[PDB]
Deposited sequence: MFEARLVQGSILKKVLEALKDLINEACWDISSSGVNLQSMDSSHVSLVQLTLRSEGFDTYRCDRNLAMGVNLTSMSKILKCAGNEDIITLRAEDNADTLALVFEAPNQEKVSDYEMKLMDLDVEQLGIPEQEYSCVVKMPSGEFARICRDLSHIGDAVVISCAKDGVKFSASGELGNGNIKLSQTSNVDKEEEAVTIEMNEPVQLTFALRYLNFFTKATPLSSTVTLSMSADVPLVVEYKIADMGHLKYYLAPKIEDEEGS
């Protein structure tokens, strides 16, 4: 048995919106410390890592560890049948090939109950090992999104150059080229051990920025020749972290 109640159910709505465009199917690892999900996209270019701590739920019971295999597209569809003000409860039995999602309306008079079929996934999960990065940029999440959106009209790749003054994003294609230059000050903050220059697929960054509604800020972490880390904090619950292999 597993039972997690979340009063701010919107959070879970946004989490699913943020994932289903990158991943069709993933394993939800439940345990006593909370919910963890970790998965590559189907092109093996990126990895996504989700953490929701048990203590961020309003109540949380997990008696045994569970690897629930979930169609994220299905789950997101069910979560659309939830009001943005609904109270959301997830419930699974020990054996079970189904996950129950229960939506309680603010007015108390409406309760919806969805039983979602699970699926069997063989995800022996590996991850990116923890490390310290040459460059770490903290900035408004909406600003980052607009940058990735703008440049994706110019080319399919973005070169990210981090010096000390600031950081520069540039792209190039059929219709010319563009670059966007950000300086240290809603604040923009930069922590530079050493300069770095990397090239990434904009297609994948625009998937990541679907997490924008979860957080005011976003953190980009870079070193030479290793995956970019794009991280959104989910306040008082955990984080959503995306890793993107550099282009060659």
I have the full deposited sequence and the modelled structure. Can you tell me which residue ranges, counted from 1, have no C-alpha coordinates? 186-192, 256-261
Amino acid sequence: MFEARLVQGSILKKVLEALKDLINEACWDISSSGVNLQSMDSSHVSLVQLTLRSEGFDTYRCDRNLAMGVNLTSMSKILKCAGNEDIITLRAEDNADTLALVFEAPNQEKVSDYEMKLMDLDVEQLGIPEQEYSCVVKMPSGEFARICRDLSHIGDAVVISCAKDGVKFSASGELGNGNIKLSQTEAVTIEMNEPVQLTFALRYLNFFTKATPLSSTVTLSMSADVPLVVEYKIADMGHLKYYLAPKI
From here on, numbers count along this sequence of modelled residues.
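Rigid core (definition): largest C-alpha set, two forms, superposition within 1.5 Å.
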For a rigid core alignment of each structure in 6 other deposited structures of this protein onto the shown form, which stretch has the higher root mean square Cα deviation: 199-207 or 186-194? 186-194
Compare 155-163 with 117-125 and report which one shows the larger root mean square C-alpha deviation from this form in 6 other deposited structures of this protein once the rigid core is superposed. 117-125
120-128 or 69-77, whichever carries the higher mean Cα B-factor: 120-128
Higher average CA B factor in the deposited record is what I'm after, so tell me if that's 238-246 or 3-11. 3-11
Which listed residue, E143, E115, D97, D150, has the largest C-alpha temperature factor in the record? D97
In the PDB entry, which of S183, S42, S54, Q49 has its C-alpha at the highest B-factor? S183
Going by the entry, which third of its chain does the Cα temperature factor of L214 land in? lowest
Could you place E17 in the lowest, middle or highest third of its chain by Cα temperature factor, using the values in the record? lowest
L101's Cα B-factor: lowest, middle or highest third of the chain? lowest
If you rank the chain by CA B-factor, which third does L90 end up in: lowest, middle or highest? middle
Third of the chain's Cα B-factor distribution that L205 belongs to, per the entry: lowest
